[PDB]
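What follows is one structure encoded as structure tokens, with my remarks underneath.
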Amino acid sequence: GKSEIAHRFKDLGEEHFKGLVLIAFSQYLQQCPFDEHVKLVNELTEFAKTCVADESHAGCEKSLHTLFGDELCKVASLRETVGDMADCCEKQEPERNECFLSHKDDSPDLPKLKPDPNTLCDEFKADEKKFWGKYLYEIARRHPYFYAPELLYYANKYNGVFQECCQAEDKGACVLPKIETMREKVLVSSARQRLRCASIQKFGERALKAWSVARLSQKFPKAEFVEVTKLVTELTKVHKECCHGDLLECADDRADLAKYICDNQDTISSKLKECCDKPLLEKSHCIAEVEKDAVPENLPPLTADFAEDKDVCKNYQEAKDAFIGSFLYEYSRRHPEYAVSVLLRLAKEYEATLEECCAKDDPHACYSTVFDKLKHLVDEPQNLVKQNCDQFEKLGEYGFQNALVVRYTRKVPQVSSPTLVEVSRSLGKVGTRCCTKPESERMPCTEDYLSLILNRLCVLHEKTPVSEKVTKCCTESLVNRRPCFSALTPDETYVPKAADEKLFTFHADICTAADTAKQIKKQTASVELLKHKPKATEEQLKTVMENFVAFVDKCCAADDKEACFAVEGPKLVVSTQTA
């Protein structure tokens with residue numbers, strides 16, 4: 001309408017508006033205290049209500065970015081506190097939002113929130129709205145690129161948990177297992193949305209548009225290309241809006257897309273009956289995780305249109321992106337077992353083949369073989385998953401994680417020891433997730449989770465570029481990232497770190513930590529060992545690692561740090577003896 005704040009408030013409703021505004025403020029101004037934020041959401045919400053009352057209340061006409069910008073800037077200590085974002089207050093309307101958005105911290109040094117069952121449950125009975133707000137503020141401040149509409153679903157789910165478990169005598173019993181499941185789901189959606197955001201910022205809307213085509217074409221295999229093009233344009237709008245920090249418009253357009261899908265359900269998928277009889281936020285979430293419908297029976301062979309047809313060249317030249325769009329759609333619909341990443345890589349490779357062949361004379365010769373050429377791209381991933389998965393069966397999660405740490409520290413030896421231990425740990429957890437699965441679904445889960453883990457590596461490394469090899473793999477292409485990292489060979493030009501007792505000296509306290517924490521400490525030492533000696537043999541690293549479990553077991557077993565000092569040093573002295 002005339003006033004966008006009015007339009008958005010009538011469409012979203014006070015409750016969702018207030019939450020979405022808090023999620024926005026919390027995501028941009030990530031360090032400020034919760035109560036300061038609530039004071040601001042309140043004022044903007046009052047302004048919103050004032051607009052819907054009279055659509056001329058001096059200022060109602062401004063853009064949503066002028067309004068949010070203005071309020072954000074009036075936060076004194078934007079310079080003191082969150083810091084150089086205060087520089088950005090100076091600028092005018094387009095530049096203002098862009099600089100603020102650039103000042104999003106993906107690894108904010110904010111506390112890890114330990115849940116306290118009873119305290120939390122009392123905080124709920126006090127005021128439920130505040131409790132819902134604190135959940136939002138907390139997850140948004142720690143994951144600055146979260147899908148605003150989904151954070152709202154997750155918060156409704158958190159309120160539901162406390163509804164059930166607070167009335168229960170044993171609070172932690174109920175709360176702790178349920179909250180931990182939800183935290184895992186929340187962390188995966190953050191990573192997934194950070195991948196969509198990184199795709200739009202670095203690789204273009206073409207890349208988000210093409211991942212959408214694949215995702216949507218796999219899941220909705222009956223949809224004709226017309227409808228998938230419709231959905232992809234509307235879904236890409238939503239992702240582009242959430243990634244740019246236009247959270248109010250993200251939610252309105254996501255809601256509108258779900259209304260659409262549910263209304264046009266006969267054409268889109270037979271599995272959407274259950275999802276579309278639910279309430280607003282749960283409908284949109286249920287639609288995103290829906291069962292891939294059945295591949296329509298008697299679909300042509302893919303060779304027909306994209307290889308054997310004689311006029312392939314004409315068609316591609318006529319309308320490049322529609323043709324390469326149709327390849328992704330037709331291929332993704334026929335192969336629901338491939339991962340989206342592999343499908344996108346197969347389409348990139350078809351684009352390449354077509355360019356080469358389409359310039360050269362006798363293009364039909366060139367292009368008929370395109371499918372045999374593309375078999376390679378499907379096979380390499382399948383061989384990786386078999387090989388790695390075989391290794392996880394032999395070693396267990398911690399054994400697998402440890403051997404992953406040795407592989408990737410040999411490869412990209414310059415990445416911070418804390419980030420090497422985080423990616424290695426997350427990659428070994430892809431053994432638990434993905435390697436006990438039906439063969440059909442193994443490739444989707446592995447390649448999809450690997451992409452999220454590798455995008456985290458890439459995001460964390462962009463902050464402090466240290467390894468040239470990582471920068472090359474993360475900047476080249478989004479789809480070719482996992483293939484690029486698996487192709488990286490042990491670096492024969494890394495000048496070792498240096499013998500340093502400080503990193504390898506294990507003090508007691510290991511014998512008392514949380515087990516997850518004990519694992520990380522011990523894995524952190526593996527990375528430092530590999531950096532002092534890049535040129536070790538596995539046989540030697542076996543000798544060293546068996547000896548270290550001796551020191552931890554022997555020491556912890558016994559009576560003190562005393563031993564954890566007398567004998568540490570000897571192990572250092574034996575490790576050094578060889579490795």
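Letters for chains follow the order of the structure tokens (A, B, ...), residue numbers begin at 1 for each chain, and ligand numbers begin at 1 in the order shown.
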Within 12 Å of residue 403 (chain A), counting only C-alpha atoms, which residues qualify if same-chain residues fewer than 4 places away don't, as a ChimeraX atom specification? /A:388,391-392,394-399,407-410,421,424-425,427-428,523,526-527,530,538,541-542,545
Residues near residue 104 (chain A), cut-off 12 Å, only C-alpha atoms, skip fewer than 6 positions along chain, as a PyMOL selection string: chain A and resi 24-31+82-85+97-98+140-146+194+243-245+459+463
If we count only C-alpha atoms, what is near region 343-347 of chain A at a cut-off of 8 Å, once residues fewer than 5 positions away on the same chain are taken out, given as JSON, numbers by chain? {"A": [210, 211, 214, 324, 327, 328, 331, 332, 338, 374, 377, 378, 479, 480]}
Can those selected residues be exported to a file as a PDB file, in the first residue's frame so that it contains N, CA, C and O atoms?
```pdb
ATOM      1  N   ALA A 210      18.931 -21.935  -9.391  1.00  0.00           N
ATOM      2  CA  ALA A 210      19.176 -23.276  -9.876  1.00  0.00           C
ATOM      3  C   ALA A 210      19.117 -24.313  -8.756  1.00  0.00           C
ATOM      4  O   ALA A 210      18.624 -25.393  -9.026  1.00  0.00           O
ATOM      5  N   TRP A 211      19.590 -24.042  -7.530  1.00  0.00           N
ATOM      6  CA  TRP A 211      19.384 -25.003  -6.446  1.00  0.00           C
ATOM      7  C   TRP A 211      17.896 -25.166  -6.173  1.00  0.00           C
ATOM      8  O   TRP A 211      17.436 -26.266  -5.915  1.00  0.00           O
ATOM      9  N   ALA A 214      16.382 -27.608  -8.694  1.00  0.00           N
ATOM     10  CA  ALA A 214      16.696 -28.982  -8.346  1.00  0.00           C
ATOM     11  C   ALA A 214      15.879 -29.466  -7.146  1.00  0.00           C
ATOM     12  O   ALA A 214      15.171 -30.460  -7.261  1.00  0.00           O
ATOM     13  N   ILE A 324      18.908 -24.837 -19.956  1.00  0.00           N
ATOM     14  CA  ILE A 324      19.719 -25.446 -18.918  1.00  0.00           C
ATOM     15  C   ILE A 324      18.840 -25.618 -17.685  1.00  0.00           C
ATOM     16  O   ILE A 324      19.096 -26.502 -16.883  1.00  0.00           O
ATOM     17  N   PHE A 327      16.991 -28.930 -18.343  1.00  0.00           N
ATOM     18  CA  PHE A 327      17.877 -30.055 -18.110  1.00  0.00           C
ATOM     19  C   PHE A 327      17.877 -30.358 -16.625  1.00  0.00           C
ATOM     20  O   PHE A 327      17.670 -31.501 -16.259  1.00  0.00           O
ATOM     21  N   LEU A 328      18.053 -29.340 -15.784  1.00  0.00           N
ATOM     22  CA  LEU A 328      18.043 -29.561 -14.352  1.00  0.00           C
ATOM     23  C   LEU A 328      16.688 -30.122 -13.915  1.00  0.00           C
ATOM     24  O   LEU A 328      16.651 -31.057 -13.127  1.00  0.00           O
ATOM     25  N   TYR A 331      16.134 -33.815 -15.224  1.00  0.00           N
ATOM     26  CA  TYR A 331      17.086 -34.735 -14.624  1.00  0.00           C
ATOM     27  C   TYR A 331      16.777 -34.898 -13.149  1.00  0.00           C
ATOM     28  O   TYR A 331      16.858 -35.994 -12.626  1.00  0.00           O
ATOM     29  N   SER A 332      16.429 -33.811 -12.478  1.00  0.00           N
ATOM     30  CA  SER A 332      16.182 -33.871 -11.051  1.00  0.00           C
ATOM     31  C   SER A 332      14.917 -34.669 -10.743  1.00  0.00           C
ATOM     32  O   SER A 332      14.881 -35.382  -9.764  1.00  0.00           O
ATOM     33  N   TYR A 338      19.729 -38.785  -6.304  1.00  0.00           N
ATOM     34  CA  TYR A 338      20.947 -38.012  -6.431  1.00  0.00           C
ATOM     35  C   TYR A 338      20.837 -36.903  -5.397  1.00  0.00           C
ATOM     36  O   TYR A 338      19.786 -36.737  -4.787  1.00  0.00           O
ATOM     37  N   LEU A 374      28.873 -37.568 -18.341  1.00  0.00           N
ATOM     38  CA  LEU A 374      28.285 -37.153 -17.080  1.00  0.00           C
ATOM     39  C   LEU A 374      28.177 -38.316 -16.095  1.00  0.00           C
ATOM     40  O   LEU A 374      27.941 -38.072 -14.922  1.00  0.00           O
ATOM     41  N   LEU A 377      30.458 -37.905 -13.175  1.00  0.00           N
ATOM     42  CA  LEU A 377      30.130 -37.025 -12.079  1.00  0.00           C
ATOM     43  C   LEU A 377      29.257 -37.724 -11.039  1.00  0.00           C
ATOM     44  O   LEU A 377      29.312 -37.334  -9.888  1.00  0.00           O
ATOM     45  N   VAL A 378      28.485 -38.747 -11.418  1.00  0.00           N
ATOM     46  CA  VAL A 378      27.619 -39.442 -10.478  1.00  0.00           C
ATOM     47  C   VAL A 378      28.427 -40.498  -9.743  1.00  0.00           C
ATOM     48  O   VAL A 378      28.200 -40.793  -8.570  1.00  0.00           O
ATOM     49  N   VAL A 479      29.130 -25.644  -6.225  1.00  0.00           N
ATOM     50  CA  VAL A 479      28.724 -27.017  -6.424  1.00  0.00           C
ATOM     51  C   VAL A 479      29.970 -27.891  -6.496  1.00  0.00           C
ATOM     52  O   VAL A 479      29.937 -29.015  -6.032  1.00  0.00           O
ATOM     53  N   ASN A 480      31.079 -27.342  -7.000  1.00  0.00           N
ATOM     54  CA  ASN A 480      32.307 -28.094  -7.174  1.00  0.00           C
ATOM     55  C   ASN A 480      33.174 -28.059  -5.909  1.00  0.00           C
ATOM     56  O   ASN A 480      34.303 -28.530  -5.966  1.00  0.00           O
TER      57      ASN A 480
END
```
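The smallest atom-to-atom distance between residue 15 (chain A) and any of A:45, A:543, A:77, A:190, using only C-alpha atoms, is found for A:45.
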Against region 281-300 of chain A, which residues of region 226-264 of chain A fall within 10 Å? For each one I want the closest pair of atoms and the distance in Å (one decimal), counting only C-alpha atoms, rows by chain and increasing residue number, as CSV.
```
residue,atom,partner,partner_atom,distance
A:251,CA,A:281,CA,9.6
A:254,CA,A:284,CA,7.4
A:255,CA,A:284,CA,7.0
A:256,CA,A:284,CA,9.7
A:257,CA,A:284,CA,8.4
A:258,CA,A:284,CA,5.7
A:259,CA,A:284,CA,8.7
A:261,CA,A:287,CA,8.4
A:262,CA,A:287,CA,8.8
```
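Look at residue 469 (chain A): the protein and nucleic acid residues within 10 Å of it, using only C-alpha atoms and passing over chain neighbours fewer than 4 places away, are residues 411, 412, 413, 414, 415, 473, 474, 484, 485, 488 and 491 of chain A.
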What does the file look like for those residues with N, CA, C and O atoms, as a PDB file, in the first residue's frame?
```
ATOM      1  N   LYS A 411      46.207 -31.901   4.417  1.00  0.00           N
ATOM      2  CA  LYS A 411      45.790 -31.266   3.177  1.00  0.00           C
ATOM      3  C   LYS A 411      45.867 -29.745   3.225  1.00  0.00           C
ATOM      4  O   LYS A 411      46.456 -29.122   2.350  1.00  0.00           O
ATOM      5  N   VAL A 412      45.180 -29.149   4.193  1.00  0.00           N
ATOM      6  CA  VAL A 412      45.104 -27.713   4.318  1.00  0.00           C
ATOM      7  C   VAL A 412      45.743 -27.411   5.656  1.00  0.00           C
ATOM      8  O   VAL A 412      45.043 -27.095   6.598  1.00  0.00           O
ATOM      9  N   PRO A 413      47.073 -27.569   5.808  1.00  0.00           N
ATOM     10  CA  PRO A 413      47.702 -27.557   7.120  1.00  0.00           C
ATOM     11  C   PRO A 413      47.700 -26.200   7.826  1.00  0.00           C
ATOM     12  O   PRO A 413      48.057 -26.133   8.994  1.00  0.00           O
ATOM     13  N   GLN A 414      47.235 -25.133   7.169  1.00  0.00           N
ATOM     14  CA  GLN A 414      47.391 -23.800   7.721  1.00  0.00           C
ATOM     15  C   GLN A 414      46.110 -23.282   8.358  1.00  0.00           C
ATOM     16  O   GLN A 414      46.134 -22.216   8.967  1.00  0.00           O
ATOM     17  N   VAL A 415      45.019 -24.046   8.278  1.00  0.00           N
ATOM     18  CA  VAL A 415      43.747 -23.585   8.810  1.00  0.00           C
ATOM     19  C   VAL A 415      43.838 -23.656  10.329  1.00  0.00           C
ATOM     20  O   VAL A 415      44.465 -24.570  10.861  1.00  0.00           O
ATOM     21  N   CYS A 473      39.362 -23.189  -3.276  1.00  0.00           N
ATOM     22  CA  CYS A 473      38.266 -24.146  -3.353  1.00  0.00           C
ATOM     23  C   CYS A 473      36.933 -23.472  -3.023  1.00  0.00           C
ATOM     24  O   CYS A 473      35.929 -23.809  -3.638  1.00  0.00           O
ATOM     25  N   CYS A 474      36.931 -22.495  -2.101  1.00  0.00           N
ATOM     26  CA  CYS A 474      35.708 -21.841  -1.650  1.00  0.00           C
ATOM     27  C   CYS A 474      35.237 -20.725  -2.583  1.00  0.00           C
ATOM     28  O   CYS A 474      34.111 -20.253  -2.445  1.00  0.00           O
ATOM     29  N   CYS A 484      36.371 -30.499  -5.009  1.00  0.00           N
ATOM     30  CA  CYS A 484      37.623 -29.751  -4.974  1.00  0.00           C
ATOM     31  C   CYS A 484      38.437 -30.135  -3.739  1.00  0.00           C
ATOM     32  O   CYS A 484      39.641 -30.317  -3.862  1.00  0.00           O
ATOM     33  N   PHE A 485      37.781 -30.328  -2.587  1.00  0.00           N
ATOM     34  CA  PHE A 485      38.473 -30.585  -1.330  1.00  0.00           C
ATOM     35  C   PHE A 485      38.928 -32.033  -1.244  1.00  0.00           C
ATOM     36  O   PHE A 485      39.894 -32.342  -0.566  1.00  0.00           O
ATOM     37  N   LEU A 488      42.224 -32.458  -3.088  1.00  0.00           N
ATOM     38  CA  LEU A 488      43.390 -31.769  -2.562  1.00  0.00           C
ATOM     39  C   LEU A 488      44.355 -32.818  -2.010  1.00  0.00           C
ATOM     40  O   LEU A 488      43.950 -33.697  -1.257  1.00  0.00           O
ATOM     41  N   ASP A 491      50.053 -31.469   1.212  1.00  0.00           N
ATOM     42  CA  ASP A 491      50.803 -30.306   0.763  1.00  0.00           C
ATOM     43  C   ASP A 491      52.290 -30.522   1.019  1.00  0.00           C
ATOM     44  O   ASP A 491      52.712 -30.662   2.162  1.00  0.00           O
TER      45      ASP A 491
END
```
Would you give me, as a PyMOL selection string, the residues in region 279-459 of chain A that DSSP reads as helix (DSSP H, G or I)? chain A and resi 280-288+303-308+312-318+320-334+340-359+363-368+370-411+417-434+439-459
Just give me the gap between CA of residue 361 (chain A) and CA of residue 313 (chain A) in Å, one decimal is fine. 10.9 Å
So what do you get for CA of residue 359 (chain A) versus CA of residue 317 (chain A), distance-wise?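 Between CA of residue 359 (chain A) and CA of residue 317 (chain A) the gap is 10.4 Å.
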What is the CA of residue 228 (chain A)-CA of residue 147 (chain A) distance in Å, reported with one decimal?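 Computing it gives 21.8 Å between the two atoms.
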The residue from A:232, A:22, A:226, A:188 with the smallest atom-to-atom distance to residue 134 (chain A), counting only C-alpha atoms, is A:22
So which residues touch residue 575 (chain A) within 9 Å, counting only C-alpha atoms, skipping near sequence neighbours fewer than 5 positions away, as number ranges by chain? A: 543-544, 547, 570
With N, CA, C and O atoms kept, could you save the residues just selected as a PDB file, in the first residue's frame?
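Output below, filename out-v2.pdb:
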```
ATOM      1  N   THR A 543      51.345 -45.574  16.277  1.00  0.00           N
ATOM      2  CA  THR A 543      52.203 -45.754  17.432  1.00  0.00           C
ATOM      3  C   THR A 543      51.929 -44.621  18.411  1.00  0.00           C
ATOM      4  O   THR A 543      51.730 -44.867  19.591  1.00  0.00           O
ATOM      5  N   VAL A 544      51.906 -43.383  17.907  1.00  0.00           N
ATOM      6  CA  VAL A 544      51.764 -42.222  18.772  1.00  0.00           C
ATOM      7  C   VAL A 544      50.394 -42.237  19.435  1.00  0.00           C
ATOM      8  O   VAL A 544      50.284 -41.926  20.611  1.00  0.00           O
ATOM      9  N   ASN A 547      49.909 -44.784  22.216  1.00  0.00           N
ATOM     10  CA  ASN A 547      50.703 -44.411  23.373  1.00  0.00           C
ATOM     11  C   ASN A 547      49.983 -43.329  24.185  1.00  0.00           C
ATOM     12  O   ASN A 547      50.041 -43.356  25.409  1.00  0.00           O
ATOM     13  N   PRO A 570      57.962 -37.435  29.151  1.00  0.00           N
ATOM     14  CA  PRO A 570      58.298 -38.729  28.580  1.00  0.00           C
ATOM     15  C   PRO A 570      57.536 -39.093  27.314  1.00  0.00           C
ATOM     16  O   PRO A 570      58.159 -39.606  26.398  1.00  0.00           O
TER      17      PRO A 570
END
```
Name the residues in contact with residue 263 (chain A) at a cut-off of 12 Å, using only C-alpha atoms, excluding same-chain residues fewer than 6 positions from it; report them as a PDB file with C-alpha atoms, in the first residue's frame.
```
ATOM      1  CA  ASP A 256       1.832 -16.276   0.394  1.00  0.00           C
ATOM      2  CA  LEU A 257       3.872 -19.066  -1.268  1.00  0.00           C
ATOM      3  CA  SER A 269       2.200 -32.983  -5.272  1.00  0.00           C
ATOM      4  CA  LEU A 272       0.785 -32.160   0.516  1.00  0.00           C
ATOM      5  CA  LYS A 273      -2.683 -32.938   1.975  1.00  0.00           C
ATOM      6  CA  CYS A 275       0.833 -30.280   5.481  1.00  0.00           C
ATOM      7  CA  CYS A 276      -1.872 -27.955   4.146  1.00  0.00           C
ATOM      8  CA  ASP A 277      -4.440 -28.654   6.887  1.00  0.00           C
TER       9      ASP A 277
END
```
I need the residue nearest residue 370 (chain A) from this list: A:349, A:64, A:9, A:95. Use only C-alpha atoms for the distance.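 Nearest to residue 370 (chain A): A:349.
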Near-residue 548 (chain A) list (12 Å; only C-alpha atoms; drop same-chain fewer than 6 positions) as number ranges by chain: A: 504-506, 522-523, 525-526, 529, 541-542, 554-555, 564, 567-572, 574-575
Measuring atom to atom with only C-alpha atoms, identify which of A:122, A:546, A:337, A:311 is nearest to residue 439 (chain A).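 The answer is A:337, which sits nearest to residue 439 (chain A).
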